[PDB]
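A quick write-up on the structure given underneath.
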Amino acid sequence: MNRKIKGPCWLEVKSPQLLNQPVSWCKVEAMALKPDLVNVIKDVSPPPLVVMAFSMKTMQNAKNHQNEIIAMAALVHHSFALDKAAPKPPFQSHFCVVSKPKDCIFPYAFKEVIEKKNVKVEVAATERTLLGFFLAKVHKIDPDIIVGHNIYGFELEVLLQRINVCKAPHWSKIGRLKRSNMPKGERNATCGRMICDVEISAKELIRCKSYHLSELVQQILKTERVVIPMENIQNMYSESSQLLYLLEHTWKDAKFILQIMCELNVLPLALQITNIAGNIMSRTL
Amino acid sequence: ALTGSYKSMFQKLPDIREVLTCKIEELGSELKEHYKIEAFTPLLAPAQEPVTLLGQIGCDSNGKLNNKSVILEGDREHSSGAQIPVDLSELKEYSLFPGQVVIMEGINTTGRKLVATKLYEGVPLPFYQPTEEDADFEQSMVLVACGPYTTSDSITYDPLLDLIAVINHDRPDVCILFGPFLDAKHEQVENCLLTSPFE
């Protein structure tokens with residue numbers, strides 16, 4: 001209120017002091033003694049940002065009712081316009097990874113088939129290595145906006161719980177700020193990065209029978225996505241071909257989520273709504 | 001407790017809902033304050049860590065309750081009255097019946113089916129605090145009997161006569177007589193063979 005800041009707008013800071021020790025994972029840091037030292041400048045256009053669309057497959061543990069992440073996939077777009085049309089293709093790179101939770105023995109010659117196909121995929125020995133690789137990748141890509149399905153309620157919470165249980169190094173890599181102690185967290189979990197759930201945004205924009213991913217893709221993109229029941233994937237891990245099929249299906253799901261977000265252009269809508277209202281874009285999304 | 005006769009035999013579904021949710025919420029507040037429970041969570045919220053859940057037990061179908069045909073129905077202010085099946089396979093010791101308010105600390109990682117892990121024995125109300133006058137009462141004997149006071153195929157009410165005889169002989173202080181006094185299920189009245197009005 002005091003600085004008359006109305007949503008995302010170019011802010012110019014005078015007398016930027018450089019703090020001795022890093023406080024975040026960002027490339028540049030600055031200091032401000034008083035709030036009055038920073039002013040608002042208007043006549044500038046928004047810069048392009050990085051957008052990463054991610055999707056993962058959890059599985060209830062065989063023994064007793066615990067979710068376990070086994071497969072991850074994510075598409076990246078470094079230079080994503082926020083005022084122009086959604087870039088086509090919506091991405092220029094991606095990465096996927098798979099792992100055996102506790103006893104799902106890898107099918108014979110799995111990595112051999114992977115290298116034979118020469119498709120973009122890496123194999124992680126265990127959930128801990130999977131999460132470590134994911135955190136390293138997200139930090140190296142520093143995506144400003146991370147978009148997914150059911151991130152608000154299911155995906156983000158399970159990701160955080162798995163990271164905490166596995167005690168993966170630098171859990172704070174998810175957010176741009178570095179914190180030593182686990183938080184316990186409505187938005188503190190992803191401090192610095194903009195999480196966008198396609199279902200809530202679609203509910204905001206369009207109306208559908210049910211906002212589940214399959215129904216949304218049907219009503220929006222007029223295409224059908226094959227649903228893989230979680231109960232059938234228990235034996236899925238004993239054969240390389242169908243495991244690669246599952247991985248490619250997760251990649252397809254990530255592509256569908258990204259396409260829904262792009263064609264529904266929820267990002268520019270959020271920009272304009274936040275600018276009109278002046279609130280925090282994260283609260284808008 | 002009904003000094004007068006009554007008001008109505010007309011029911012309203014929203015008002016019955018209000019009564020039910022008020023009962024659930026009152027029991028819940030009492031149990032929460034007694035057990036120092038951190039905070040309840042919505043029934044449909046998928047939480048990985050074990051989370052205490054409040055609600056009344058109910059039978060899934062219209063039949064007798066079975067050990068794996070049980071659902072939990074929450075309160076409005078926490079779960080909006082949603083229902084969720086509960087699995088008692090992991091639970092060790094329990095004692096449930098339909099419509100009992102419980103706090104269950106099971107783990108629900110999917111949001112569609114809870115699995116119980118511990119049940120909180122409900123806490124009784126405090127006893128009645130006496131006074132000096134109450135202790136100033138000598139021993140008194142109480143009689144209590146419950147009808148019907150006539151055999152299944154009689155109207156002579158001989159059991160009532162025997163009860164009156166014992167009451168006179170013992171001279172008890174206070175006698176409690178429960179109904180029915182002319183049973184509605186009695187074959188004599190169920191066939192409306194009586195020659196006099198019920199009253």
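How much length is gained on full extension from A:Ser45 to A:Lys84, taking 0.36 nm per residue of separation minus their Cα-Cα distance? Present the calculation step by step, with values, prior to reporting the outcome.
Numbers: separation 39, 0.36 × 39 = 14.04 nm, distance 1.12 nm.
Answer, rounded to one decimal: 12.9 nm.
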Under 22 Å from the Cα of A:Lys34, which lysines turn up, not counting those fewer than eight places away in the same chain?
A:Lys4, A:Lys6, A:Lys14, A:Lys42
For helix B:13-35, what angle does its Cα long axis make with the longest principal axis of chain B, in degrees from 0 to 90 and rounded to 10?
70 degrees
Hey, what's the Cα Rg ratio for the stretch A:18-99 versus the globular rule of thumb, 2.2 N^0.38 Å?
1.73
Taking +1 at the Cβ of each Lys and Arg and -1 at the Cβ of each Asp and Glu, which of A:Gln259, A:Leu244, A:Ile145 sits farthest along the dipole of the stretch A:132-285 towards its positive end, judged by Cα position relative to the Cα centre?
A:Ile145
Return A:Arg193, A:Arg207, A:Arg179 ranked ascending by Cβ neighbour count within 10 Å, so the fewest neighbours appear first.
A:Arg207, A:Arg179, A:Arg193
Taking every DSSP beta bridge with both residues inside the protein assembly as shown, roughly what % is antiparallel (nearest 5)?
70 percent
I'd like the distance separating the alpha-carbon centroids of the stretch B:39-60 and the stretch B:113-143, in whole Å.
29 Å
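For chain A, what proportion of DSSP beta bridges, expressed in % and rounded to the nearest 5, is antiparallel?
On the way: 22 of 31 bridges.
If I count the DSSP bridges inside chain A, around 70 percent turn out antiparallel.
Just to confirm the filter: which GluC sites (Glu not before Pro) across the stretch B:1-62 are DSSP coil and have at most 15 other Cβ within 10 angstrom of their Cβ? Before the final figure, lay out each step's value.
Values: sites: B:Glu18, B:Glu25, B:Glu26, B:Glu30, B:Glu33, B:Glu38; in loops: B:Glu38.
Passing sites in the stretch B:1-62 are B:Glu38.
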Trypsin sites (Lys or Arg not before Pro), restricted to the stretch B:1-105: which are DSSP loop and have at most 14 other Cβ atoms within 10 Å?
B:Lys7, B:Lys12, B:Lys36, B:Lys64, B:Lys68, B:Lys92
Which residues make up the longest stretch of chain B that has no chymotrypsin sites (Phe, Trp or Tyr not before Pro) in a DSSP loop with at most 10 other Cβ atoms within 10 Å?
B:11-126
Computed from the beta carbon distance with a Förster radius of 51 Å, FRET efficiency for A:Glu29 and A:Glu224 to the nearest 0.05 stands at 0.60
Defining a contact as two alpha carbons under 8 Å apart and six or more residues distant in sequence, what relative contact order in percent does chain B show?
15 percent
Roughly what would the spin-label model give for B:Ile155 and B:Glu90, points 7 Å off Cα along C-beta, in nm?
6.4 nm
Estimate the FRET efficiency between B:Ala165 and B:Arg112 by the formula 1/(1 + (r/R0)^6), using the beta-carbon distance for r and 51 Å for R0, to the nearest 0.05.
0.20
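Indicate the gyration tensor shape class of the stretch B:116-190 (rounded, prolate or oblate), computed on the Cα atoms with a ≥ b ≥ c the square roots of the eigenvalues: a/c under 1.5 is rounded; otherwise a/b larger than b/c is prolate and the rest oblate. Before the final figure, lay out each step's value.
Working: a/c = 4.29, a/b = 1.34, b/c = 3.20.
Oblate, since a/c reaches 1.5 and b/c is not below a/b.
Explain nothing, just the number: dipole magnitude of chain B about its Cα centre with +1 on each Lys and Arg Cβ and -1 on each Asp and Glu Cβ, in debye rounded to the nearest 20.
Values: 15 positive and 31 negative charges, 235 e Å.
That gives chain B a dipole magnitude of about 1120 debye.
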Can you tell me which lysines have their Cα less than 22 Å from the Cα of A:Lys140? Leave out same-chain residues fewer than eight positions away.
A:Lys27, A:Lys120, A:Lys167, A:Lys173, A:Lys178, A:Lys255
Going by how many other Cβ atoms sit within 10 Å of their own, how do B:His169, A:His139, B:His34 line up, fewest first?
B:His169, B:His34, A:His139
Debye-sum result for the stretch A:110-246 in log10 I(q)/I(0), which assumes one identical scatterer on each alpha carbon, at q = 0.10, 0.14, 0.17, 0.21 Å⁻¹:
-0.46, -0.90, -1.19, -1.30
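Rounded, prolate or oblate, given the Cα gyration tensor of the stretch B:74-199, with a/c below 1.5 counting as rounded?
On the way: a/c = 3.56, a/b = 1.72, b/c = 2.07.
It is oblate, given that a/c is not under 1.5 and a/b is not larger than b/c.
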How would you classify the stretch A:41-185 from its alpha-carbon gyration tensor, with a ≥ b ≥ c the square roots of the eigenvalues: rounded for a/c under 1.5, else prolate if a/b is greater than b/c, otherwise oblate?
oblate
Computed over the protein assembly as shown, Cα set: Rg, Dmax in Å:
33.3, 107
Gap in Å between the Cα centre of the stretch A:47-108 and the Cα centre of the stretch A:142-164?
10 Å
If I fit a long axis through the Cα atoms of helix B:158-170 and take the longest principal axis of the Cα atoms of chain B, what angle between them do I get, 0 to 90°, rounded to 10?
90 degrees
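Any chance you could tell me what percent of the C-alpha pair distances in chain A go past 24 Å?
Of all Cα-Cα pairs in chain A, 56 percent lie more than 24 Å apart.
At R0 = 35 Å, how high is the FRET efficiency between A:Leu269 and B:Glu105 if r is their beta carbon distance? Nearest 0.05 is fine.
Values: r = 42 Å, r/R0 = 1.20.
The computed FRET efficiency comes out at 0.25.
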So, with points 7 Å from each Cα along the Cβ direction, the B:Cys59-B:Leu44 label distance in nm works out to 2.7 nm
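Rule-based calculations on the coordinates, nothing more; no lab input. Don't worry about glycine lacking a Cβ; one is built from the backbone with ideal geometry, like all the others, and counts go over all protein chains shown.
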